[PDB]
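J.: The structure is given below, and queries will be raised subsequently.
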Amino acid sequence: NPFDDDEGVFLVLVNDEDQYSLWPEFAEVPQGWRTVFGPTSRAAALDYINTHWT
Amino acid sequence: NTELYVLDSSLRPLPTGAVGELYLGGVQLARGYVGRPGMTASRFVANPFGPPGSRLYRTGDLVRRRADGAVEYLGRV
């Protein structure tokens with residue numbers, strides 16, 4: 001699964017309700033979501049989400 | 001109100017009989033409290049198909065769709 005792939009390259013997305021989503025960079029960003037971080041490693045993206053989704 | 005999706009590793013829907021992963025749409029979680037934000041962001045991901053800003057529940061389960069559109073379970077990844 002791309003969301004569990006430690007060899008992946010990742011973005012962090014947020015919606016208008018301030019919820020966050022990990023995202024593989026190869027995939028198109030869905031409507032209603034905007035990129036706030038990345039491209040970056042999986043661990044750094046999760047670090048960002050744990051930092052900002054507060 | 002849940003929608004069943006059978007996606008490949010590129011998050012594309014799959015045709016009848018193809019083996020993919022089950023994702024659930026129409027998911028709603030608590031809005032006031034997110035004690036595990038990273039895990040939540042990796043398990044409930046942006047939804048390419050539903051309304052803008054919606055999320056899919058990444059089950060981690062292998063399934064395939066039958067001719068009548070119903071889903072057959074094949075085991076956890």
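Following the order of the structure tokens, first chain is A, next is B, and so on, with residues numbered from 1 inside each chain and ligands from 1 in the order they appear.
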Please identify every residue of stretch 22-49 of chain A that has at least one atom no farther than 9 Å from an atom of stretch 49-71 of chain B, counting only C-alpha atoms, and for each give the shortest atom pair and the distance in Å to one decimal, arranged by chain then increasing number, as JSON lines.
T.:
```
{"residue": "A:30", "atom": "CA", "partner": "B:52", "partner_atom": "CA", "distance": 7.1}
{"residue": "A:31", "atom": "CA", "partner": "B:52", "partner_atom": "CA", "distance": 4.8}
{"residue": "A:32", "atom": "CA", "partner": "B:52", "partner_atom": "CA", "distance": 4.1}
{"residue": "A:33", "atom": "CA", "partner": "B:53", "partner_atom": "CA", "distance": 5.8}
```
J.: Restricting it to C-alpha atoms, dump the selection as a PDB file, in the first residue's frame.
T.:
```pdb
ATOM      1  CA  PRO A  30      -8.201  15.559  -4.610  1.00  0.00           C
ATOM      2  CA  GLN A  31     -10.552  18.525  -4.685  1.00  0.00           C
ATOM      3  CA  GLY A  32     -10.959  20.319  -1.375  1.00  0.00           C
ATOM      4  CA  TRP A  33      -7.396  19.490  -0.285  1.00  0.00           C
TER       5      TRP A  33
END
```
J.: Compute the set of chain A residues within 9 Å of chain B, using only C-alpha atoms, and express it as a PDB file with N, CA and C atoms, in the first residue's frame.
T.:
```pdb
ATOM      1  N   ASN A   1       0.826  -1.202   0.000  1.00  0.00           N
ATOM      2  CA  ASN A   1       0.000   0.000   0.000  1.00  0.00           C
ATOM      3  C   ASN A   1       0.863   1.256   0.000  1.00  0.00           C
ATOM      4  N   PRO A   2       0.526   2.219  -0.864  1.00  0.00           N
ATOM      5  CA  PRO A   2       1.356   3.431  -0.966  1.00  0.00           C
ATOM      6  C   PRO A   2       1.414   4.248   0.313  1.00  0.00           C
ATOM      7  N   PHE A   3       0.375   4.194   1.149  1.00  0.00           N
ATOM      8  CA  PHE A   3       0.365   4.963   2.386  1.00  0.00           C
ATOM      9  C   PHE A   3       1.239   4.349   3.473  1.00  0.00           C
ATOM     10  N   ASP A   4       1.632   3.085   3.324  1.00  0.00           N
ATOM     11  CA  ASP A   4       2.527   2.423   4.262  1.00  0.00           C
ATOM     12  C   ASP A   4       3.940   2.261   3.718  1.00  0.00           C
ATOM     13  N   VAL A  12       1.817  16.340   2.600  1.00  0.00           N
ATOM     14  CA  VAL A  12       0.815  16.511   3.644  1.00  0.00           C
ATOM     15  C   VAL A  12      -0.276  17.419   3.096  1.00  0.00           C
ATOM     16  N   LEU A  13      -1.526  16.974   3.199  1.00  0.00           N
ATOM     17  CA  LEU A  13      -2.669  17.731   2.712  1.00  0.00           C
ATOM     18  C   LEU A  13      -3.551  18.157   3.878  1.00  0.00           C
ATOM     19  N   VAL A  14      -4.256  19.274   3.693  1.00  0.00           N
ATOM     20  CA  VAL A  14      -5.249  19.749   4.648  1.00  0.00           C
ATOM     21  C   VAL A  14      -6.504  20.139   3.883  1.00  0.00           C
ATOM     22  N   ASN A  15      -7.655  19.959   4.524  1.00  0.00           N
ATOM     23  CA  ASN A  15      -8.919  20.397   3.958  1.00  0.00           C
ATOM     24  C   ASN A  15      -9.381  21.671   4.664  1.00  0.00           C
ATOM     25  N   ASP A  16     -10.554  22.164   4.262  1.00  0.00           N
ATOM     26  CA  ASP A  16     -11.084  23.396   4.832  1.00  0.00           C
ATOM     27  C   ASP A  16     -11.510  23.245   6.288  1.00  0.00           C
ATOM     28  N   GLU A  17     -11.605  22.020   6.803  1.00  0.00           N
ATOM     29  CA  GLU A  17     -11.933  21.766   8.201  1.00  0.00           C
ATOM     30  C   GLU A  17     -10.693  21.542   9.060  1.00  0.00           C
ATOM     31  N   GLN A  19      -8.452  19.208   8.821  1.00  0.00           N
ATOM     32  CA  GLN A  19      -8.038  17.821   8.960  1.00  0.00           C
ATOM     33  C   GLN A  19      -6.898  17.531   7.991  1.00  0.00           C
ATOM     34  N   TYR A  20      -5.998  16.641   8.401  1.00  0.00           N
ATOM     35  CA  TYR A  20      -4.776  16.370   7.656  1.00  0.00           C
ATOM     36  C   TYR A  20      -4.827  14.987   7.019  1.00  0.00           C
ATOM     37  N   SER A  21      -4.080  14.827   5.927  1.00  0.00           N
ATOM     38  CA  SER A  21      -3.977  13.547   5.238  1.00  0.00           C
ATOM     39  C   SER A  21      -2.570  13.361   4.697  1.00  0.00           C
ATOM     40  N   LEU A  22      -1.981  12.205   4.986  1.00  0.00           N
ATOM     41  CA  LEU A  22      -0.799  11.764   4.264  1.00  0.00           C
ATOM     42  C   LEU A  22      -1.166  11.523   2.805  1.00  0.00           C
ATOM     43  N   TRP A  23      -0.204  11.748   1.907  1.00  0.00           N
ATOM     44  CA  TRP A  23      -0.540  11.570   0.499  1.00  0.00           C
ATOM     45  C   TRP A  23       0.682  11.189  -0.324  1.00  0.00           C
ATOM     46  N   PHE A  26       2.821  10.826  -6.166  1.00  0.00           N
ATOM     47  CA  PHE A  26       2.474  10.437  -7.530  1.00  0.00           C
ATOM     48  C   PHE A  26       0.991  10.621  -7.832  1.00  0.00           C
ATOM     49  N   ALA A  27       0.143  10.716  -6.809  1.00  0.00           N
ATOM     50  CA  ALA A  27      -1.298  10.789  -7.006  1.00  0.00           C
ATOM     51  C   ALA A  27      -1.772  12.235  -7.056  1.00  0.00           C
ATOM     52  N   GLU A  28      -2.754  12.495  -7.919  1.00  0.00           N
ATOM     53  CA  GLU A  28      -3.348  13.823  -7.997  1.00  0.00           C
ATOM     54  C   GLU A  28      -3.980  14.202  -6.665  1.00  0.00           C
ATOM     55  N   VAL A  29      -3.826  15.467  -6.287  1.00  0.00           N
ATOM     56  CA  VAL A  29      -4.423  15.975  -5.054  1.00  0.00           C
ATOM     57  C   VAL A  29      -5.927  16.100  -5.263  1.00  0.00           C
ATOM     58  N   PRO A  30      -6.748  15.466  -4.431  1.00  0.00           N
ATOM     59  CA  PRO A  30      -8.201  15.559  -4.610  1.00  0.00           C
ATOM     60  C   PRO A  30      -8.718  16.967  -4.344  1.00  0.00           C
ATOM     61  N   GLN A  31      -9.893  17.245  -4.905  1.00  0.00           N
ATOM     62  CA  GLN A  31     -10.552  18.525  -4.685  1.00  0.00           C
ATOM     63  C   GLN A  31     -10.841  18.730  -3.203  1.00  0.00           C
ATOM     64  N   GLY A  32     -10.752  19.984  -2.766  1.00  0.00           N
ATOM     65  CA  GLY A  32     -10.959  20.319  -1.375  1.00  0.00           C
ATOM     66  C   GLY A  32      -9.754  20.119  -0.485  1.00  0.00           C
ATOM     67  N   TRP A  33      -8.622  19.698  -1.039  1.00  0.00           N
ATOM     68  CA  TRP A  33      -7.396  19.490  -0.285  1.00  0.00           C
ATOM     69  C   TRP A  33      -6.284  20.335  -0.887  1.00  0.00           C
ATOM     70  N   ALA A  45       6.856  13.494   6.966  1.00  0.00           N
ATOM     71  CA  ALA A  45       5.467  13.904   6.789  1.00  0.00           C
ATOM     72  C   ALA A  45       4.645  13.612   8.038  1.00  0.00           C
ATOM     73  N   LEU A  46       4.822  12.424   8.622  1.00  0.00           N
ATOM     74  CA  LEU A  46       4.104  12.108   9.852  1.00  0.00           C
ATOM     75  C   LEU A  46       4.551  13.011  10.997  1.00  0.00           C
ATOM     76  N   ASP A  47       5.846  13.342  11.050  1.00  0.00           N
ATOM     77  CA  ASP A  47       6.323  14.317  12.025  1.00  0.00           C
ATOM     78  C   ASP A  47       5.613  15.655  11.851  1.00  0.00           C
ATOM     79  N   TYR A  48       5.467  16.106  10.603  1.00  0.00           N
ATOM     80  CA  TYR A  48       4.769  17.360  10.340  1.00  0.00           C
ATOM     81  C   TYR A  48       3.324  17.290  10.816  1.00  0.00           C
ATOM     82  N   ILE A  49       2.639  16.183  10.521  1.00  0.00           N
ATOM     83  CA  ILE A  49       1.233  16.063  10.903  1.00  0.00           C
ATOM     84  C   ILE A  49       1.089  16.059  12.419  1.00  0.00           C
ATOM     85  N   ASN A  50       1.959  15.319  13.114  1.00  0.00           N
ATOM     86  CA  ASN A  50       1.935  15.333  14.571  1.00  0.00           C
ATOM     87  C   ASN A  50       2.303  16.697  15.136  1.00  0.00           C
ATOM     88  N   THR A  51       3.032  17.511  14.372  1.00  0.00           N
ATOM     89  CA  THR A  51       3.397  18.851  14.820  1.00  0.00           C
ATOM     90  C   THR A  51       2.249  19.839  14.648  1.00  0.00           C
ATOM     91  N   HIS A  52       1.505  19.730  13.550  1.00  0.00           N
ATOM     92  CA  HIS A  52       0.582  20.784  13.153  1.00  0.00           C
ATOM     93  C   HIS A  52      -0.885  20.458  13.402  1.00  0.00           C
ATOM     94  N   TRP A  53      -1.279  19.182  13.386  1.00  0.00           N
ATOM     95  CA  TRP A  53      -2.677  18.818  13.628  1.00  0.00           C
ATOM     96  C   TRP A  53      -2.926  18.819  15.134  1.00  0.00           C
ATOM     97  N   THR A  54      -3.005  20.022  15.693  1.00  0.00           N
ATOM     98  CA  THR A  54      -3.196  20.196  17.129  1.00  0.00           C
ATOM     99  C   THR A  54      -4.369  21.128  17.419  1.00  0.00           C
TER     100      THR A  54
END
```
J.: Which residues come within 7 Å of residue A:25, counting only C-alpha atoms, excluding same-chain residues fewer than 6 positions away, as a PDB file with N, CA, C and O atoms, in the first residue's frame?
T.:
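Below you can see result.pdb, which holds the result:
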```
ATOM      1  N   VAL A   9       7.471   8.757  -1.531  1.00  0.00           N
ATOM      2  CA  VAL A   9       7.667  10.196  -1.391  1.00  0.00           C
ATOM      3  C   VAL A   9       6.300  10.809  -1.128  1.00  0.00           C
ATOM      4  O   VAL A   9       5.325  10.468  -1.807  1.00  0.00           O
ATOM      5  N   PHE A  10       6.221  11.704  -0.146  1.00  0.00           N
ATOM      6  CA  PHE A  10       4.932  12.066   0.423  1.00  0.00           C
ATOM      7  C   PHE A  10       4.734  13.571   0.523  1.00  0.00           C
ATOM      8  O   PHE A  10       5.685  14.346   0.648  1.00  0.00           O
ATOM      9  N   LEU A  11       3.464  13.956   0.460  1.00  0.00           N
ATOM     10  CA  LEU A  11       2.959  15.280   0.766  1.00  0.00           C
ATOM     11  C   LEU A  11       2.031  15.190   1.970  1.00  0.00           C
ATOM     12  O   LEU A  11       1.512  14.116   2.309  1.00  0.00           O
ATOM     13  N   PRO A  39       7.317  17.683  -1.230  1.00  0.00           N
ATOM     14  CA  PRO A  39       7.628  16.251  -1.105  1.00  0.00           C
ATOM     15  C   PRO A  39       8.695  15.937  -0.057  1.00  0.00           C
ATOM     16  O   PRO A  39       9.691  16.652   0.058  1.00  0.00           O
TER      17      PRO A  39
END
```
J.: Identify all residues of chain A in helix (DSSP H, G or I) (DSSP on the backbone) and supply them as a list in words.
T.: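 Helix (DSSP H, G or I) members of chain A, listed: residues 2, 3, 4, 42, 43, 44, 45, 46, 47, 48, 49, 50, 51 and 52 of chain A.
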J.: Write to file, as a PDB file, in the first residue's frame, the residues of the selection just made, with N, CA and C atoms.
T.:
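The resulting file, again.pdb, is shown below:
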```pdb
ATOM      1  N   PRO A   2       0.526   2.219  -0.864  1.00  0.00           N
ATOM      2  CA  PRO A   2       1.356   3.431  -0.966  1.00  0.00           C
ATOM      3  C   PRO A   2       1.414   4.248   0.313  1.00  0.00           C
ATOM      4  N   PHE A   3       0.375   4.194   1.149  1.00  0.00           N
ATOM      5  CA  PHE A   3       0.365   4.963   2.386  1.00  0.00           C
ATOM      6  C   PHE A   3       1.239   4.349   3.473  1.00  0.00           C
ATOM      7  N   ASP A   4       1.632   3.085   3.324  1.00  0.00           N
ATOM      8  CA  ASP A   4       2.527   2.423   4.262  1.00  0.00           C
ATOM      9  C   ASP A   4       3.940   2.261   3.718  1.00  0.00           C
ATOM     10  N   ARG A  42       8.286   9.638   4.443  1.00  0.00           N
ATOM     11  CA  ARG A  42       7.105   9.264   5.217  1.00  0.00           C
ATOM     12  C   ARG A  42       7.237   9.711   6.668  1.00  0.00           C
ATOM     13  N   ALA A  43       8.408   9.481   7.266  1.00  0.00           N
ATOM     14  CA  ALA A  43       8.610   9.834   8.666  1.00  0.00           C
ATOM     15  C   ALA A  43       8.539  11.342   8.875  1.00  0.00           C
ATOM     16  N   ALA A  44       9.074  12.119   7.931  1.00  0.00           N
ATOM     17  CA  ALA A  44       9.036  13.571   8.070  1.00  0.00           C
ATOM     18  C   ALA A  44       7.624  14.110   7.867  1.00  0.00           C
ATOM     19  N   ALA A  45       6.856  13.494   6.966  1.00  0.00           N
ATOM     20  CA  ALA A  45       5.467  13.904   6.789  1.00  0.00           C
ATOM     21  C   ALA A  45       4.645  13.612   8.038  1.00  0.00           C
ATOM     22  N   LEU A  46       4.822  12.424   8.622  1.00  0.00           N
ATOM     23  CA  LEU A  46       4.104  12.108   9.852  1.00  0.00           C
ATOM     24  C   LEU A  46       4.551  13.011  10.997  1.00  0.00           C
ATOM     25  N   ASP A  47       5.846  13.342  11.050  1.00  0.00           N
ATOM     26  CA  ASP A  47       6.323  14.317  12.025  1.00  0.00           C
ATOM     27  C   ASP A  47       5.613  15.655  11.851  1.00  0.00           C
ATOM     28  N   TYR A  48       5.467  16.106  10.603  1.00  0.00           N
ATOM     29  CA  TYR A  48       4.769  17.360  10.340  1.00  0.00           C
ATOM     30  C   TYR A  48       3.324  17.290  10.816  1.00  0.00           C
ATOM     31  N   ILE A  49       2.639  16.183  10.521  1.00  0.00           N
ATOM     32  CA  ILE A  49       1.233  16.063  10.903  1.00  0.00           C
ATOM     33  C   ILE A  49       1.089  16.059  12.419  1.00  0.00           C
ATOM     34  N   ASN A  50       1.959  15.319  13.114  1.00  0.00           N
ATOM     35  CA  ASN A  50       1.935  15.333  14.571  1.00  0.00           C
ATOM     36  C   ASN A  50       2.303  16.697  15.136  1.00  0.00           C
ATOM     37  N   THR A  51       3.032  17.511  14.372  1.00  0.00           N
ATOM     38  CA  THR A  51       3.397  18.851  14.820  1.00  0.00           C
ATOM     39  C   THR A  51       2.249  19.839  14.648  1.00  0.00           C
ATOM     40  N   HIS A  52       1.505  19.730  13.550  1.00  0.00           N
ATOM     41  CA  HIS A  52       0.582  20.784  13.153  1.00  0.00           C
ATOM     42  C   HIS A  52      -0.885  20.458  13.402  1.00  0.00           C
TER      43      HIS A  52
END
```
J.: Atom CA of residue A:38 and atom CA of residue B:4 are how many Å apart?
T.: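 Value for the atom CA of residue A:38-atom CA of residue B:4 distance: 29.4 Å.
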J.: Would you compute the distance between atom CA of residue A:5 and atom CA of residue A:41? Give it in Å to one decimal.
T.: 9.9 Å
J.: DSSP on the backbone, then: every residue of stretch 5-72 of chain B marked strand (DSSP E), written as a list in words.
T.: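 Selection result, strand (DSSP E) within stretch 5-72 of chain B: residues 5, 6, 7, 19, 20, 21, 22, 23, 24, 44, 45, 46, 55, 56, 57, 58, 59, 60, 61, 62, 63, 64, 65, 71 and 72 of chain B.
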J.: Output N, CA and C atoms for every residue in the selection just made, as a PDB file, in the first residue's frame.
T.:
```pdb
ATOM      1  N   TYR B   5     -15.095   0.944  -2.192  1.00  0.00           N
ATOM      2  CA  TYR B   5     -14.159   1.125  -3.290  1.00  0.00           C
ATOM      3  C   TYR B   5     -13.138  -0.001  -3.281  1.00  0.00           C
ATOM      4  N   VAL B   6     -12.803  -0.491  -4.469  1.00  0.00           N
ATOM      5  CA  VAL B   6     -11.755  -1.486  -4.656  1.00  0.00           C
ATOM      6  C   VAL B   6     -10.682  -0.829  -5.509  1.00  0.00           C
ATOM      7  N   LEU B   7      -9.552  -0.487  -4.892  1.00  0.00           N
ATOM      8  CA  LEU B   7      -8.523   0.304  -5.553  1.00  0.00           C
ATOM      9  C   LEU B   7      -7.233  -0.492  -5.704  1.00  0.00           C
ATOM     10  N   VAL B  19      -8.275  -8.027  -8.178  1.00  0.00           N
ATOM     11  CA  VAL B  19      -7.967  -8.056  -6.753  1.00  0.00           C
ATOM     12  C   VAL B  19      -7.367  -6.714  -6.350  1.00  0.00           C
ATOM     13  N   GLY B  20      -7.984  -6.061  -5.368  1.00  0.00           N
ATOM     14  CA  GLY B  20      -7.478  -4.796  -4.870  1.00  0.00           C
ATOM     15  C   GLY B  20      -7.720  -4.609  -3.389  1.00  0.00           C
ATOM     16  N   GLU B  21      -7.553  -3.386  -2.897  1.00  0.00           N
ATOM     17  CA  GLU B  21      -7.771  -3.083  -1.491  1.00  0.00           C
ATOM     18  C   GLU B  21      -9.088  -2.339  -1.309  1.00  0.00           C
ATOM     19  N   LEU B  22      -9.782  -2.658  -0.218  1.00  0.00           N
ATOM     20  CA  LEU B  22     -11.056  -2.034   0.103  1.00  0.00           C
ATOM     21  C   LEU B  22     -10.839  -0.699   0.807  1.00  0.00           C
ATOM     22  N   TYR B  23     -11.482   0.343   0.291  1.00  0.00           N
ATOM     23  CA  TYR B  23     -11.551   1.650   0.926  1.00  0.00           C
ATOM     24  C   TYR B  23     -13.015   1.996   1.151  1.00  0.00           C
ATOM     25  N   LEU B  24     -13.321   2.586   2.301  1.00  0.00           N
ATOM     26  CA  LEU B  24     -14.689   2.952   2.643  1.00  0.00           C
ATOM     27  C   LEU B  24     -14.845   4.464   2.596  1.00  0.00           C
ATOM     28  N   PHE B  44      -7.128   7.505   7.451  1.00  0.00           N
ATOM     29  CA  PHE B  44      -8.268   8.170   6.827  1.00  0.00           C
ATOM     30  C   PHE B  44      -7.702   9.226   5.883  1.00  0.00           C
ATOM     31  N   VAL B  45      -7.680   8.906   4.592  1.00  0.00           N
ATOM     32  CA  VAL B  45      -6.893   9.655   3.620  1.00  0.00           C
ATOM     33  C   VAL B  45      -7.820  10.486   2.742  1.00  0.00           C
ATOM     34  N   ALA B  46      -7.235  11.439   2.020  1.00  0.00           N
ATOM     35  CA  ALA B  46      -8.029  12.279   1.131  1.00  0.00           C
ATOM     36  C   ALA B  46      -8.761  11.425   0.101  1.00  0.00           C
ATOM     37  N   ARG B  55     -12.905  12.018   3.141  1.00  0.00           N
ATOM     38  CA  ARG B  55     -11.850  11.055   3.420  1.00  0.00           C
ATOM     39  C   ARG B  55     -12.333   9.632   3.168  1.00  0.00           C
ATOM     40  N   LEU B  56     -11.374   8.757   2.872  1.00  0.00           N
ATOM     41  CA  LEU B  56     -11.588   7.329   2.706  1.00  0.00           C
ATOM     42  C   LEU B  56     -10.948   6.580   3.865  1.00  0.00           C
ATOM     43  N   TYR B  57     -11.640   5.544   4.331  1.00  0.00           N
ATOM     44  CA  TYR B  57     -11.142   4.645   5.367  1.00  0.00           C
ATOM     45  C   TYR B  57     -10.323   3.553   4.687  1.00  0.00           C
ATOM     46  N   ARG B  58      -9.011   3.562   4.916  1.00  0.00           N
ATOM     47  CA  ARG B  58      -8.100   2.595   4.303  1.00  0.00           C
ATOM     48  C   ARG B  58      -8.107   1.327   5.150  1.00  0.00           C
ATOM     49  N   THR B  59      -8.866   0.318   4.714  1.00  0.00           N
ATOM     50  CA  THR B  59      -9.086  -0.854   5.554  1.00  0.00           C
ATOM     51  C   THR B  59      -7.864  -1.760   5.635  1.00  0.00           C
ATOM     52  N   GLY B  60      -7.025  -1.773   4.602  1.00  0.00           N
ATOM     53  CA  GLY B  60      -5.942  -2.734   4.555  1.00  0.00           C
ATOM     54  C   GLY B  60      -6.387  -4.143   4.240  1.00  0.00           C
ATOM     55  N   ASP B  61      -7.607  -4.310   3.734  1.00  0.00           N
ATOM     56  CA  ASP B  61      -8.167  -5.614   3.415  1.00  0.00           C
ATOM     57  C   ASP B  61      -8.205  -5.822   1.907  1.00  0.00           C
ATOM     58  N   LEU B  62      -7.877  -7.043   1.489  1.00  0.00           N
ATOM     59  CA  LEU B  62      -7.914  -7.445   0.090  1.00  0.00           C
ATOM     60  C   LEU B  62      -9.310  -7.931  -0.277  1.00  0.00           C
ATOM     61  N   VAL B  63      -9.845  -7.424  -1.389  1.00  0.00           N
ATOM     62  CA  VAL B  63     -11.171  -7.790  -1.874  1.00  0.00           C
ATOM     63  C   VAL B  63     -11.149  -7.831  -3.398  1.00  0.00           C
ATOM     64  N   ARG B  64     -12.253  -8.308  -3.968  1.00  0.00           N
ATOM     65  CA  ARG B  64     -12.493  -8.201  -5.399  1.00  0.00           C
ATOM     66  C   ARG B  64     -13.988  -8.022  -5.623  1.00  0.00           C
ATOM     67  N   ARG B  65     -14.330  -7.280  -6.671  1.00  0.00           N
ATOM     68  CA  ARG B  65     -15.723  -6.996  -6.983  1.00  0.00           C
ATOM     69  C   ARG B  65     -16.279  -8.049  -7.932  1.00  0.00           C
ATOM     70  N   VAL B  71     -18.967  -7.130  -3.193  1.00  0.00           N
ATOM     71  CA  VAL B  71     -17.561  -7.261  -2.829  1.00  0.00           C
ATOM     72  C   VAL B  71     -17.340  -8.600  -2.137  1.00  0.00           C
ATOM     73  N   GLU B  72     -16.275  -9.296  -2.534  1.00  0.00           N
ATOM     74  CA  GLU B  72     -15.883 -10.572  -1.949  1.00  0.00           C
ATOM     75  C   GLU B  72     -14.590 -10.387  -1.163  1.00  0.00           C
TER      76      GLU B  72
END
```
